[PDB]
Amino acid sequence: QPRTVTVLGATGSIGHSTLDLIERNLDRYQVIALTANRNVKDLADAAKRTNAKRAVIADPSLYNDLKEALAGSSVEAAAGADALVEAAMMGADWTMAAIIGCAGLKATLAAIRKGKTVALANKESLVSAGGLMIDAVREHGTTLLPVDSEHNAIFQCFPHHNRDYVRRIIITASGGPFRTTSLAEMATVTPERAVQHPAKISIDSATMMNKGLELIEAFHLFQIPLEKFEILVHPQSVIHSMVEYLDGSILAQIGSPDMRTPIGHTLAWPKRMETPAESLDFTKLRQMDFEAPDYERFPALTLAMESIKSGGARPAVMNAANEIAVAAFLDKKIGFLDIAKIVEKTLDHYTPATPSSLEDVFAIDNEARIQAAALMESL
């Protein structure tokens, strides 16, 4: 009766919101494995609270701490990169892939190959290994469920088994901190101001690279022609995305910013479940605004568009190059508007062959990073 559950990256924000829903219904779920990287405390605590079968700490050096933290406990202990992959293969009917970056690609792909249900929080997967990821889903009949806000909104409004019914998919975007800033002023932006907030996430938001990546991710998740995707600027961020059908009918997913709504969706799918998420009060909201994205002020959107259009290792290169360029800006080595410049340069000087395995992906990423760092230190 209990549905077995595993969470890769159980100690981050997603991992937390996830366990929050699992522990509220501990009677419906049987936790198999929980993972963390260096936060042995939360990991062992979470493991013990849910009476998980295994707890894995990524960092091999923290192996003895986990083992000691779980002393007298029935939870098994493990550490290292391989242990993550092994935990992803333990057989959980529902797996939350919350380990981000190249570090979670192996585990995520392993979980997918198991053919059960995989809630994807690791969006980066699709940008660098989208093609492979989708092949494995097709091959193993895996149920892939997007956890991220935009893709989850789209999924809830999407006609699965009938892509042909979609006229367009609108990915709403807040616009970022510089939604009303001129290119001229953006040139003088400092890492301090750019990150000001409610690290890299902040900067991808400011350059709108996060929307370029989300578009790429959506492209692989929904298998729809690129010309059917649109980015719509909507400051309030209350509408999380929309899908227009052939009869002109447009379905939209709206709600508060509580991550437990989408996570709750992916956790209960195909059924729905209660989550303490707040009920959007349209009266206090009063207003909703919409405008077109400025492709001239945010060229990253263009770089993203072309990469997918071109295909192959393009998006991988772009994303890798962005990592370098953003870190440079933060390290005050470059100017804000240079980030998109470096990414564009790299995309033009490095165009490897499409990946066939994760090993190729890891390679391209590493190469792109080296190429980018080079160009980055030219001007």
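Don't overthink the numbering: it's just position in the shown sequence, from 1.
Coordinates are lacking for 4 to 9 deposited residues between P198 and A199. Once the C-alpha B-factors are averaged per stretch, 246 to 254 and 222 to 230 rank with 222 to 230 first. Mean CA B-factor, 73 to 81 versus 95 to 103: the higher value falls on 73 to 81. Highest C-alpha temperature factor among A316, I32, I339, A44 per the entry: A44. Within the selection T190, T117, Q236, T266, the deposited Cα B-factor values reach their highest point at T190. Among the modelled residues of its chain, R167 has a C-alpha B-factor that falls in the lowest third according to the deposited record.
Annotation for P270: CA B-factor lies in the middle third of the chain's modelled residues. Ranked by Cα temperature factor within the chain, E291 sits in the lowest third according to the deposited record. Per the PDB record, residue ranking by Cα B-factor puts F158 in the middle third of the chain. When the CA B factors of the chain's modelled residues are split into thirds, the value for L8 lands in the lowest one.
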